[PDB]
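Have a look at the structure below, then the notes.
Per chain, numbering begins at 1; letters A, B, ... match sequence-line order. Basis for what follows: all heavy atoms, side chains included, without hydrogens, waters or symmetry-related copies. Read the numbers this way: they start at 1 and go in the same order the structure lists the ligands and their atoms.
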Amino acid sequence: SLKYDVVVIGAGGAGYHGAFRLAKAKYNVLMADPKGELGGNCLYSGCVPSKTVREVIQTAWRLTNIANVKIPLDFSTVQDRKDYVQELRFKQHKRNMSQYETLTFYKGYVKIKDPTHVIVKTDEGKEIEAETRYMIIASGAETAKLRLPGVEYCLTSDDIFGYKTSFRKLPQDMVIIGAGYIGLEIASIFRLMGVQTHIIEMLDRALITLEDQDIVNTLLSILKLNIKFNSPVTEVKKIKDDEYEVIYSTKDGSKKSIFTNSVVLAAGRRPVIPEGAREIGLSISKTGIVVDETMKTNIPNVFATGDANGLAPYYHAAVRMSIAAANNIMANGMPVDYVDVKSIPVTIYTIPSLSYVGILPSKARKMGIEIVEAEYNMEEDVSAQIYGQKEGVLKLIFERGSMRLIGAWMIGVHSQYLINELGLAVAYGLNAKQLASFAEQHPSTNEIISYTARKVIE
Amino acid sequence: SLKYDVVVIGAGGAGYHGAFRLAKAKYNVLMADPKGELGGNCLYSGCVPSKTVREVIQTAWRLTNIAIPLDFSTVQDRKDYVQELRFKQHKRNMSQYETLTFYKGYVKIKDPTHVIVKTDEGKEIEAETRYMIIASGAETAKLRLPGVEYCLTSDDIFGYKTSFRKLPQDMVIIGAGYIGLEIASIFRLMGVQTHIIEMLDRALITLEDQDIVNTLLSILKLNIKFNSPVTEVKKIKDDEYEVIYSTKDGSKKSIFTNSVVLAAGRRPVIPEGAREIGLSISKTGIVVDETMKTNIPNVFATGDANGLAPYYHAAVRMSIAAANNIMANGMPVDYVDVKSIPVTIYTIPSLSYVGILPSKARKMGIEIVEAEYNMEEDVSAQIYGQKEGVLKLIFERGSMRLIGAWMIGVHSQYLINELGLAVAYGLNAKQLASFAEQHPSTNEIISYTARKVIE
Amino acid sequence: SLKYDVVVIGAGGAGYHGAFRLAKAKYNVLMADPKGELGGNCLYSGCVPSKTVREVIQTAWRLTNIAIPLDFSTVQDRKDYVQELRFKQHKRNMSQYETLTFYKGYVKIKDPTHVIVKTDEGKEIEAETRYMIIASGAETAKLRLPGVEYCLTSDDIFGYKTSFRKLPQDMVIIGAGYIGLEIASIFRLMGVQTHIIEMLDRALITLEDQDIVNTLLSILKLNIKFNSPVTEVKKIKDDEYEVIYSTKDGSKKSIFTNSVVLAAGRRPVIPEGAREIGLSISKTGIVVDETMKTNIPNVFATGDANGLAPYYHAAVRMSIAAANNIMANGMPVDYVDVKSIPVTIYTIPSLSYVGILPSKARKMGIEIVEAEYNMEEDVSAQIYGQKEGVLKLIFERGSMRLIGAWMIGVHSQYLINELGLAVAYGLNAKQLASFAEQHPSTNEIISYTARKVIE
Amino acid sequence: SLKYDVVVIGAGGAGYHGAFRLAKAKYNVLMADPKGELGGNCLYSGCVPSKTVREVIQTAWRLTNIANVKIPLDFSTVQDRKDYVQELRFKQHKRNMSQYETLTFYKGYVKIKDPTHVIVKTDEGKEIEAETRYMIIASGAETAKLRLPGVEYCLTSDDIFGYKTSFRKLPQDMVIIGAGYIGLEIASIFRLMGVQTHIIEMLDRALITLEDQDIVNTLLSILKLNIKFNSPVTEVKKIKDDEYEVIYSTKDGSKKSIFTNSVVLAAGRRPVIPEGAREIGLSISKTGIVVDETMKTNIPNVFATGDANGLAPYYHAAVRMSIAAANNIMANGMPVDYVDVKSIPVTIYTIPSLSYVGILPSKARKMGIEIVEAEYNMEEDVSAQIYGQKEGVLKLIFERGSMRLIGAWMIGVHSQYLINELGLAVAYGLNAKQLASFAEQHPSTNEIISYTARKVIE
Ligand SMILES: Nc1ncnc2c1ncn2[C@@H]1O[C@H](COP(=O)(O)OP(=O)(O)O)[C@@H](O)[C@H]1O
Ligand SMILES: Nc1ncnc2c1ncn2[C@@H]1O[C@H](COP(=O)(O)OP(=O)(O)O)[C@@H](O)[C@H]1O
Ligand SMILES: Nc1ncnc2c1ncn2[C@@H]1O[C@H](COP(=O)(O)OP(=O)(O)O)[C@@H](O)[C@H]1O
Ligand SMILES: Nc1ncnc2c1ncn2[C@@H]1O[C@H](COP(=O)(O)OP(=O)(O)O)[C@@H](O)[C@H]1O
């Protein structure tokens, strides 16, 4: 009834970067999100605040290893800094949005009527009915709605890192349900702030999202967390404030119990499908809305970007997917842009962190690619030594013959920065020689990459 | 005589990385350095200790900004522990190579194939060799003025086990070169009141782009005086000095301070006997080509002694190139591309740069487009309250090849390596735009900034 | 710059005795030597350690002759204990002088009034001075032949804390100069079979009198080959070598031995930068006059670096003379008389000599009378069974002034000082005849021999 | 009845050097000595054998300080070497004598009839009656014939050092009667060979022959001998072989006793006056035959040389005196030669030895000569250090004004060699400057002299 070029459902990374590119091309674009803010869940309660918290505490700890006396920091001060940062960024995305005159934004939820028609339902409000030529579904994911008694007594990430959260005081000890990336991250950071942590995992292994058990095992050997495997939780009991009981079965079948001050549910997140999506015939699987590499669904004027598709549930990937949807829409659905998920780096933000990119040795084995590995030991890097954080390794994965760098992984200080240099090499197929001949800035940690590449040849 | 395949004079990065590679291939190599340690001056008094001090005090300051006192002596203890550890590490690595012989001593060159090594004990070992690598580095320039004796140098400040273990309240720094700016920046953050006096008309002459230097100065806001040659330093009491200087016009002025630092540039170090054998040597250093070969065809020269790129990581790369060419018995199988080696000035915030910058592009006749990002918007800048700065990408029109980049801001030292790789192997704006940096690392601003040019 | 009155380069006897005297008068003096000890090469590897070995093994042998086994390692322990003690003694003495600053380092000369001292740490201290004393000594000559690397030098043999701690059974010595003859003599007495090969036609060229050298050789009875340049030293096994040499005629010959010593003379050591400032320098060393003043008028040169009299005690005397002249602000108040400095070649028995000898007297046109004594008749020679030798007094006809003397025999090193004093201050035959030496010291032969000329 | 130019009474140093010089001038000379050998008492039983013994034992001890294990030497082997040396020298003086055809030698004693006539009494023989123009009395001295009960049980120097002596076995301990030079020497050497020594001295002080108590005290502080002063011996008792009792009074008057294996009489020697000497009117005092500096007596054709005159009872002085007598006789009694006793060096052959020459500080004080002393400490000399014999000092005595070296003394290693260099300076009056400017052979001990002279100026 009002008319637009594109509707974007969801205003996280998956949505707004695309929307901004379209708007800049003078496309009329309607974006709607219930939060009424940009950044989605990742800004509201994921990466941004979690890293903020991670940095403040890492800075405290490095200083404690250097001045070798203990440093006094209240968790409420850490949570203030997390909020100050979230607040700057909400304002900044609004101020950047306000520059695009042909972009209209609504605080509300989009329901789909048919491939060219939607209805935006606002908070205390009416139906806005809209017509459109293309649609970008960028509705993200949510915390997995588990059916287990006591679920209501568990904290989630939203509670721990949410903007203006009231979780502002540390417990003496905490049980984390789940050994995936969110759980391990939470276990790492809270342990560093003085909390006793226990992880209980249903399955036999941590980090299912990473297919390579040898890499997972190396990280666990460095982390030395208290992890119980093969231990489904069957109930959470609340005794009183700050007193819970988590009940669980074991690999034998015998029930067992652990008492704690605080229970955190770190299950996987699940894709969020907008109302009406099934009804217009959109192919949807377990992992999410099915898309090809151009982000196009089985309905040809409908794209799906970010966690809604499940292809690579990390914020930087969602942004990349968003821009590719925008490009393809501008080219009127001709496939002019594509996303290469292999070459997207991933970081698990434990302390130390694990980063990786490309093809790792186990997938290489299954594809029949013959490889050669090069190895560096992080005890020998300058910054590691300064800060007293000497654990970890870098591993470069080269294909035999071409010696193309086809993959890389790294546990240690600054892996999040190094992984990008290496991801670039991987994405455009540089070889050991090119890596050896490059001369990274001394004394930065990136200097271990050309160094490690010089090794393989020698 | 004792016969060797290669003799490496100097055991800094310009020396030992190549020695190691030649030894790994079982060449018989002889290396000497008077310190009797690996790492050169860079380790003893340059990059490792200065960046260690820099990282420690910036960590103190970051935490200060987000929520504690550290004495300077503790910082300097940390600097010393790291130096010590790395000396031990290079010796451990050296012990792996059976065919590498190391002496504590100076090398004199006798002819293109003969050297003698002089030890302290006064022993002199004669040796014959097929190739030499001159990796003998550089040394502090020695200005002659009354009162120079009262000046501290960066060697006094960062030297291993230095006695400089207490902070003056006010400090005057002679030189606006990169060592001057770095010292001023770090010490200002530890609470020292700093002042720079520079005889020439500008800062950072090693950087041809004045627009970039002006941007850095405007963000750093240092008290600097230009066209002000010092004529005398007078001592009045302990921890009390008068720096006397001349204005542009010719009139005398003076400043009173607690401490004076000389930072006047470095000069290439030429081994005894190098001149006598006819090595072609300019002002800037031993003349070499890109293969690191000198006018004498079995003699190579690497690192600060050649003056092409006086940074440790450039030095390591040249050492490796010398070793590859020697192994190919002189054939030029390896070459160093200087413009694609990143440089970082370690002020706070730092300046990093690589490749071809606008001043140079203009002189070459290359037409360019610049894409830019303001560091106020970076997540890590926000977390730390370090919001000053800017990233600029330099693209070649037509190809949109990335030919240069410069950045002032936090983590410029990490970002510049990603960018340096793109410059080195010729990636274009589309390629950088299509790559997805790890969120929320500061690296995300690169592809973010490449996406904006395309818009 | 730091301002000094004098800079002394080298801390051997040629350096420190003068430094000490200048410091005693409160001059500000700066001294440097890379060993970071006083005593020079003489202490580290020359006279003190060699004479210590000589005295120990001659004491063993005397007792053997009058009535027990000593391992060579014990001798070398004794040599090391004495060296150690004297290093400590010179440091104790140096600590008495508040105005003397000592560095472990090399001095480079920049101009007649400026030096820089380079330390191992790599620190370089610039310094300005009114006077210099170049006291930088001498070094082993470096013959270039295949297998030189297998040769021991007297440095290896007598050096402080040397690893040479076990005696070979047979030894070949290259050089019939005084170090060659001394080494051969001592080691023969420890049971080593010695052989000398000398390229030139005679021994001890530093001594112009062939009659004297022939007398010494005829008493020493060493196996020596003349006109026999070595062309190669080959190693066959541990403790097994082939010395290959050419005859006068041109034909090749070889000798098989367990050990080879090179003793090829010493060469003067010239500080870096001395040439560059225009110091007049010959083959034999830095040219000086008798005041020790060089062609640069505020620069003096003492000891083996000048080459006039390359013996420690001559060096000490020149150091003192430099210091007196400096104190007189350059006026020539003190002079060294070389011919009146005694010399002793420390073979067993030794040869000592002083003043003008017959070869020289003949060339000058001085007519002489020689008085002589046979050492068979000396009491101490008889007690020890060391009866080989002769004392000769050289008298000037008319005056009967004692102008020279030479002696082979026991205690020649003590007797020569009495005689040197008579030569130096011009005593005549009557005066020596009238003096009554302590009986039964070996000195009684002097006045005994002066009484016979008068008869 | 036979006719000669000169008669020489005694064939020691005082006699034969003069005799040889005369004979060489073709003077007919008759020399007679009861020993029938040349060298006198000094060769028979003084310096030559005592130094021989001293050297062998010093060589043993130096080697013991260097190899730092003990060295085995029987005293009989030391006595063999003493005899071998004495034997060479008896033969050598005879072989040198045989070269002078106008010198006639007799084994016998000379009696003087009048200034021009003597009688030689041979061993199993007649009177040879002789006429002569000059006479040289060179009859030396003997061991002082003391009146004390038990004197016959004491050894003397003649017994200890005599040629072919039967004293060839060391006692465990020995009492030495006398703290003069012979006694201290004997105490030094025997102590070094393992013997326990005690010296008992009549007088209040050691070394009366040296007027300077400060010098004597320094030597005693280094020697650390067992000396009893003010203790005249009153009797020597023999219990059995190797068992004696020496009885003595003390400074109070109370008798006391010491038991020993061996008693040595080290009294002063006394001049020996030939028969007839008094009767012709020769002036004779306590110290000996009175002579002027030309060795001439009150009877003008009679000279007296060596210990017979008592002016300087050391062998090298006696030789010097002999030659001066020979010269003056040749010049027919005109005083053409003179002896300067001040400038004759003296050594006391303890271990370490003391040597001295010239004017010492106490005589200087009495003459009113103002002096300055220079001092060197023997711990710092090379040879001292090699041999481990580091005790002692060198002292140079300069007159103020001229800075003439007027005296010197030295306790330590090689003082006997150094004293000659210094005696030469003293005899011809060199000054500090001349000593400083001279450069003694390095590394000999004489190098401490120019060194010490350089000090005084500084
Ligand atoms: N029907 C809908 N209409 C509008 N917004 C939606 C709808 N369903 C979910 N969203 C929003 O989409 C956003 C997705 O953000 P996020 O979970 O960070 O995913 P991504 O990383 O894929 O952007 C959330 O802010 C959520 O409120
Ligand atoms: N003649 C010489 N012989 C041996 N080493 C030398 C000589 N001259 C200088 N050097 C050494 O060479 C090293 C140079 O290293 P450095 O100054 O760090 O430069 P680079 O980074 O180019 O290696 C120093 O450690 C210095 O001591
Ligand atoms: N450039 C220099 N700077 C300082 N000392 C030096 C230099 N060259 C040589 N030397 C030192 O000078 C000393 C010379 O002493 P030595 O060889 O014993 O001769 P001399 O007997 O003449 O003193 C040696 O210890 C040597 O290390
Ligand atoms: N009347 C005499 N006739 C000949 N010889 C004598 C007479 N009296 C003593 N003698 C001898 O004179 C010698 C003196 O020797 P010595 O005591 O060494 O004194 P000096 O050192 O004075 O020569 C002795 O050998 C002794 O036998």
Could you tell me whether the side chain of D:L282 reaches within less than 4.5 Å of the side chain of D:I137, counting heavy atoms only?
yes
Measure A:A141 to ligand 1 on non-hydrogen atoms and call it side chain, backbone, both or neither using the 4.0 Å cut-off.
backbone
Honestly, for C:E139 the part within reach of ligand 3 (heavy atoms, under 4.0 Å) is neither
May I ask you to list the atoms of ligand 3 that are less than 4.0 angstrom from any heavy atom of C:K35?
24 (C), 25 (O), 26 (C), 27 (O)
Within-4.5 Å side-chain heavy-atom neighbours: A:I136 and A:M295:
no
As an exercise, identify every atom of ligand 3 less than 4.0 angstrom from a heavy atom of C:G105.
4 (C)
With heavy atoms of A:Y109 as the reference, note each atom of ligand 1 found under 4.0 Å away.
3 (N)
Under 3.5 Å between some N or O of ligand 4 and some N or O of D:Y315?
no
Heavy atoms, side chains only, cut-off 4.5 Å: are D:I112 and D:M135 in contact?
yes
Which of the ligand 3 atoms, numbered from 1, are nearer than 4.0 Å to a heavy atom of C:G13:
23 (O)
Is there any N or O on D:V110 that sits under 3.5 Å from an N or O of ligand 4?
yes
Can you tell me if C:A32 contacts ligand 3 (heavy atom of the residue under 4.0 Å from the ligand)?
yes
Going by the closest heavy atom to atom 21 (O) of ligand 4, which one wins out of D:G39, D:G36, D:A318?
D:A318
Measure the shortest side-chain to side-chain distance between C:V107 and C:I116 over non-hydrogen atoms and say whether it is less than 4.5 angstrom.
no
Run the numbers for me: atoms of ligand 1, each under 4.0 Å from some heavy atom of A:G306, listed by number.
22 (O)
Using the ring of each side chain (for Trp, its six-membered ring), is C:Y312 parallel, tilted or perpendicular to D:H442, with breaks at 30° and 60°?
tilted
Closer than 4.0 angstrom, basic N to acidic O: yes or no for C:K104 and C:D120?
yes
For atom 20 (P) of ligand 3, tell me which residue out of C:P268, C:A14, C:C42, C:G12 has the closest non-hydrogen atom.
C:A14
Any idea which of A:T305, A:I273, A:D33, A:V120 brings a heavy atom closest to atom 25 (O) of ligand 1?
A:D33
A:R269 versus ligand 1: do any nitrogen or oxygen atoms come within less than 3.5 Å of each other?
no
Any heavy atom of D:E275 under 4.0 Å from ligand 4? The part involved is neither
Establish, yes or no, whether a centroid distance under 6.0 Å links the rings of C:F102 and C:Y16.
no
Is the shortest side-chain heavy-atom distance between D:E279 and D:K113 below 4.5 Å?
no
Would you mind running through ligand 1 and noting each atom that sits below 4.0 Å from a heavy atom of A:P34?
4 (C), 5 (N), 6 (C), 27 (O)
With C:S154, which residues qualify under side-chain hydrogen bond (donor to acceptor under 3.5 Å, both in side chains), at least two apart?
none
Looking at side-chain heavy atoms only, is the closest gap between A:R269 and A:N41 below 4.5 Å?
yes
D:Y44 and D:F161: CA distance, side-chain angles, deciding distance, ring pair (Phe, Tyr, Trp, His ring centres under 6.0 Å) verdict:
CA-CA 8 Å; D:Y44 170 79; D:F161 303 112; over 10 Å; no
Under a 4.0 Å heavy-atom limit, does D:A138 contact ligand 4 with its side chain, its backbone, both, or neither?
backbone
Heavy-atom gap A:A308 to ligand 1 smaller than 4.0 Å
no
With a 4.5 Å cut-off on side-chain heavy atoms, are A:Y106 and A:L30 touching?
yes
Sort out for me which residue in C:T140, C:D155, C:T153 forms a side-chain hydrogen bond (donor to acceptor under 3.5 Å, both in side chains) with C:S45.
C:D155
Do any N/O atoms on D:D307 end up under 3.5 angstrom from N/O atoms on ligand 4?
yes
Judged by heavy atoms only, the candidate from D:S139, D:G140, D:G310 nearest atom 19 (O) of ligand 4 is D:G140
The option among C:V8, C:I9, C:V269 carrying the non-hydrogen atom nearest to atom 2 (C) of ligand 3 is C:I9
